[PDB]
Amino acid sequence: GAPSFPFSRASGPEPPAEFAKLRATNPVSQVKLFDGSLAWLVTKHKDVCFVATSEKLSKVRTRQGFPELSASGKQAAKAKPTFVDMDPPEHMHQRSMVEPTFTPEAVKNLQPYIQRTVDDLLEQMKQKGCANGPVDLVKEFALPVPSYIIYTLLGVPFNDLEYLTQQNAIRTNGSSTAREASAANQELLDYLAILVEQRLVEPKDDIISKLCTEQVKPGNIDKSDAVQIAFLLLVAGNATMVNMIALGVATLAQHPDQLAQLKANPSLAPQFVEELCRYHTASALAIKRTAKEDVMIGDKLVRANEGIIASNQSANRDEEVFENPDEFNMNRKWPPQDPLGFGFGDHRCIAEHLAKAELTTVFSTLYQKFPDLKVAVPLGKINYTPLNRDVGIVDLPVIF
């Protein structure tokens, strides 16, 4: 019978062991989901790209056979969809309403702001110090960097960032009760609704204001849609950003020669970030589809109304594309094929340029500020996310 999926990571920082075996012997295979239903799992880079781009496959979650991976996903599929779950032409109709803030040119213009935000959080961390024991790099740094940036871009005023950063963290923290997580979720939605009302009356230079002026007031979307689009932009990427920063620090601690290179030359941060986003694919469960019609993938027939999950994590370890794929090597020579940390095709992460700018700013600055930054617990004792989840780090004690 088909194995249960998601698979568990082989260890804290490693992908599931199953993918390498499937790439070698059964690259398109069936897996069993939490409800006992089946889905196709695609593991090779070429095939993941095919799934990501085929117009015979749909992201619409009300379609029969959609591969929801948990009961919570089934419940979330009942809500009015935003662009993450749309096909053409609806997908770009809505995504284009917010894409302008995320273009390469817009992100380049944001660089001084990104640098200031990182610098200010690093200075707060220095002022707080570590004179009485280690501090949690996640709480002090990896969490607020992406949080402050996305909230600011959306339109949150500076005074409200610390509290809203804490509340959004509660929503996904593994220690929160269901009541606590639900209350934090609703608190964020209530806050965003008030902010939308404010920007309908007096727009400012932020994403919510642009939605209000350009889409809500003309009747292209309503104010509840603006809230849901803003909420999507907050929650889609934030936990992934936090995990990528923490994973980068841990990966450098595990690879001290490459850390020494980066300390001696901060201009290596872009290459470090490229290798990090390939090696630690912290969002590996988002390339999902159902077949609108029969489609052949390799030696398998995916029938109409069957689900498909395309593992970009597996694709990023595909030996046929990336030589020595299971070694972290920021000095590698890159092949012609894209790494897939941010997905592929029409739905490729809207924030890829912003996320890479945040990560590059972090890794070109962190060890200039704190040349003696050290993970304070043994590396084998790092508190990674549970093995049945996307790779990440919950907390990371450090000294400096």
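The first residue of the shown sequence is 1; numbering continues from there. Rigid core (definition): largest C-alpha set, two forms, superposition within 1.5 Å.
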property	result
Stretch with greater C-alpha deviation in 5 other deposited structures of this protein, 67-75 versus 169-177 (rigid core superposition)	169-177
Divergent stretch in 5 other deposited structures of this protein, 246-254 or 182-190 [C-alpha RMS, superposed by the core]	182-190
Mean Cα B-factor comparison, 188-196 or 211-219, giving the higher one as deposited	211-219
Of 272-280 and 129-137, the stretch whose C-alpha atoms average the higher B-factor in the entry	129-137
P15 - which third its CA temperature factor falls in, relative to the rest of the chain	middle
Within-chain third of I114 by Cα B-factor, per the entry	lowest
Cα B factor band for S70 (lowest, middle or highest third within the chain)	highest
Modelled-residue ranking by C-alpha temperature factor, third containing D160	lowest
Within-chain third of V391 by Cα B-factor, per the entry	lowest
